[PDB]
Protein chains: 2
Amino acid sequence: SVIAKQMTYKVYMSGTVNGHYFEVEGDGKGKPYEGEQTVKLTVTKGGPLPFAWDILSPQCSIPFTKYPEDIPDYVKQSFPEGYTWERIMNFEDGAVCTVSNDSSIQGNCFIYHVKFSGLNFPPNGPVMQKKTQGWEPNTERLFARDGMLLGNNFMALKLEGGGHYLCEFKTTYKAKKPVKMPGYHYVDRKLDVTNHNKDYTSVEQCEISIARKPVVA
Amino acid sequence: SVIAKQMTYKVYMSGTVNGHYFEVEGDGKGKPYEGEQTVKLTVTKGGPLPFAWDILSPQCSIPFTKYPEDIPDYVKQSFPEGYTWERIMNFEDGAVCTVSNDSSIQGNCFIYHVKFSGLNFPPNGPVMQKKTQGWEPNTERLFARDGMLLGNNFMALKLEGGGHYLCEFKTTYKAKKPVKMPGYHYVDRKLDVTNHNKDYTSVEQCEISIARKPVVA
Ligand SMILES: [Br-]
Ligand SMILES: [Cl-]
Ligand SMILES: [Cl-]
């Protein structure tokens, strides 16, 4: 296969949050068939970021999803041609982000180019005041439509002091060639910041992603 | 406990869909601690319904949810005082439903009073043209806030011909007394129409609901 049991990846992300421009570069690695992966990011421009790092962590790698053999793996099949993805994040306090990615492969390394646009975060909310403490483990609902893989996820950020800050994700994955489409299924993830420097200009993330059928069916 | 291992329930539902008034009555039974239940519904007024039965099936019983001992069971704890619930269903073609319930107990029988308001279903859409073929097995994201249990679910109806028709649920459960609040968790459900007459004026449904912690955590 063009996707080896061990792979690396590079992340090039740029964008704005409430008008604040930034750039990030990442170097990641993982086991695509085990759904295990890690990434080390550096804020290369606009740092230190005046907003919660957590809104950016889910934008830094779908080939690293363990798919059981009886569920077609849309993203792994798209290679070597690759795929793109388009995400809408609707936060419960009215903030909205639109994120686009282009994913390609160069030997044993995936290349992700990401554009992030976030705005309408309340200036005294938990994202601009950096009161978030990571995403809860989550489940993306996935199904096939018009040759694209459509995902939806009721996400939630944990807050300093308790409580949750809700965010709805809508992600559409678009393979650059036709592939075998999967049935209606889910992907469970855990995403954690495992290390960071004082001002989050260097961050390390670990993510485990596993596809499955419904538990009760 | 006030909730026995085998219980019955009665449903009294009324409402409108694109201005069409109806009433439904149901007789149900199940094993609350096993998350198993079945209900028989009869359209008592405004039948045959000119819209898909499927939009009404999730309005006909949260006490019948299997909760592990280490996850507080918000709804079972609310009894004998009981609880209410409020639901918003946003369909992808712009249709919206608001549903309210009052749930009480009389001995070994729960009593559900439901009010349904649905509108903006396109006249040539799958609900008004009766092209739906049941709900996909699904997962409700649940968490506690201000003494209420908040649920969200990315639901989908199967369509005649193979597609899906998406619906977002937001359900708020409100106990009539304070109860021990659970942590962030999920409920998996399968909901099926197991029998019906030609015009869906008599319908039988089976539902299995099981609470759990995230699969990947
Ligand atoms: Br670091
Ligand atoms: Cl398709
Ligand atoms: Cl609470």
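Residues numbered from 1 in each chain as written, not as in the entry; some residues may be left out. Chains lettered and ligands numbered in written order. Heavy atoms only, no water.

As recorded in the entry header, the structure was determined using X-ray crystallography to a resolution of 1.642 Å.

**Student:** Residues and numbers for the overall build of chain A, please.
**Tutor:** On a plain count of helices and strands, chain A comes out with one helix and 12 strands. The C-alpha atoms of chain A give a radius of gyration of 17 Å, which matches the 17 Å a tight globule of 217 residues would have. Expressed along its principal axes, the backbone C-alpha trace of chain A runs to roughly 45 × 40 × 30 Å. Going through the 217 residues of chain A one by one, you find that 53% of them count as buried. Accessible surface computed for chain A: about 9100 Å², of which carbon and sulfur atoms make up 51%. Between the averaged position of the 25 positive side-chain charges in chain A and that of its 24 negative side-chain charges there is a distance of 3 Å. (Helix = DSSP H or I, 4+ residues; strand = E, 2+ residues; numbered from the N terminus. Rg over C-alpha atoms; globule rule 2.2 N^0.38 Å. Buried < 20%, exposed > 50% of the residue type's maximum accessible area, 1.4 Å probe, protein only. Areas by Shrake-Rupley, 256 points an atom, 1.4 Å probe, with all protein chains shown as cover. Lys, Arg positive; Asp, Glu negative; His and termini not counted. Charge placed at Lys NZ, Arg CZ, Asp CG, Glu CD.)

**Student:** Can you lay out the interface of chain A and chain B for me, pointing to particular residues and giving the numbers?
**Tutor:** The interface of chain A with chain B comprises 29 residues on the first partner and 29 residues on the second. Summed over both partners, the interface of chain A with chain B buries about 2400 Å², with 63% contributed by carbon and sulfur atoms. Sorting the residues of chain A by area buried against chain B places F154, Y184 and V216 of chain A first, and these three jointly supply 31% of that buried surface. The tally of links between chain A and chain B comes to two salt bridges. Where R145 of chain A meets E92 of chain B, a salt bridge forms, and the shortest distance between an N and an O atom there is 2.9 Å. The tally of links from chain A across to chain B stands at 10 residue pairs in polar contact. For the side of chain A that touches chain B, the secondary-structure elements that each account for two or more residues are β8 (138-145), β9 (148-159), β10 (164-175), β11 (185-196) and β12 (202-212) of chain A. Its residues assigned to classes, the side of chain A that touches chain B comprises 15 nonpolar, five polar and nine charged. (Contact = heavy atoms within 4.5 Å. Buried area = accessible area lost by both parts, 1.4 Å probe. Salt bridge = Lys/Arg side-chain N within 4 Å of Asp/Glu carboxyl O. Polar contact = N/O pair within 3.5 Å; in protein donor to acceptor, adjacent residues only side chain to side chain. Nonpolar A, V, L, I, M, F, W, Y, C, P; charged D, E, K, R; others polar.)

**Student:** Lay out the relation of the copies chain A and chain B in plain terms, naming residues and giving numbers.
**Tutor:** With an RMSD of 0.1 Å, chain A superimposes on chain B once it is rotated by 180° and translated 0.1 Å along the axis. The transformation just described matches what one would write down for a two-fold rotation axis. Proximity to the rotation axis, assessed at the C-alpha, singles out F154 of chain A in chain A; its C-alpha lies 4.0 Å from the axis. Mapped onto chain B, 100% of the interface residues of chain A again fall at the interface, so both copies present the same surface. (Least-squares fit on C-alpha atoms.)

**Student:** Quick one: what's the story with the pairing of strand β4 (residues 83-91) of chain A, residue by residue and with numbers?
**Tutor:** Residues and elements named next belong to chain A. Going residue by residue along β4, you find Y83, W85, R87, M89 and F91 tucked away on one face and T84, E86, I88 and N90 left uncovered on the opposite face. Linkage of β4 to strand β5 (residues 96-106), two consecutive antiparallel strands, is achieved through a turn of four residues, within which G94 is found at a positive phi near 90°. The sheet contact formed by β4 and β10 spans nine bridges and is antiparallel. Directly across from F91, in β10, lies its bridge partner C167. (Pairing = 2+ DSSP bridges.)

**Student:** Describe in detail the packing of aromatic side chains, supporting the description with residues and values.
**Tutor:** Each aromatic ring pair is specified by the distance between its two centres and by the angle formed by the two planes. All names here are of chain B. Summed over the entire model, instances satisfying the criterion amount to 27 aromatic pairs over all chains. When the centroid spacing of 5.2 Å and the interplanar angle of 15° are considered together, the rings of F91 and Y165 count as stacked. Of this pair, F91 sits in strand β4 (residues 83-91) while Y165 is found in strand β10 (residues 164-175), placing the two residues 74 residues apart along the sequence. Taking relative accessible area as the criterion, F91 reaches 5% and is therefore assigned buried. (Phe/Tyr/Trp six-rings, centres within 6.5 Å; stacked < 30°, edge-to-face > 60°.)

**Student:** Go over the pairing of β10 of chain B, please, and point to the residues and values.
**Tutor:** Residue and element names in this part refer to chain B. Where strand β9 (residues 148-159) and β10 come together, 10 bridges link them in antiparallel fashion. Among the inter-strand pairings, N152 is bridged to a residue of β10, identified as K170. In sequence, β9 turns back onto β10 through a hairpin of four residues, with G161 there showing a positive phi of about 105°.

**Student:** Break down a nonpolar patch on the surface for me, with residues and values.
**Tutor:** On the surface, a nonpolar cluster with roughly 210 Å² of combined accessible area is contributed by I88, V96 and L119 of chain B. With respect to the helices and strands, the residue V96 of chain B is situated in strand β5 (residues 96-106). (Patch = residues over 30% accessible without salt bridge, like charges linked within 9 Å, V, L, I, M, F, W, Y side chains within 5 Å.)

**Student:** Before we move on, could you go through the pattern of salt bridges and cite the residues and values that matter?
**Tutor:** Scanning the entire structure with this criterion turns up 21 salt bridges over all chains. One salt bridge connects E140 of chain A with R189 of chain A, and the closest N-O pair in it is separated by 2.9 Å. You can see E140 of chain A sitting in strand β8 and its partner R189 of chain A sitting in strand β11, a full 49 residues away along the chain. For the pair formed by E140 of chain A and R189 of chain A, the shared burial category is buried. For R189 of chain B, the salt bridge identified is with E207 of chain B, shortest N-O distance 3.5 Å.

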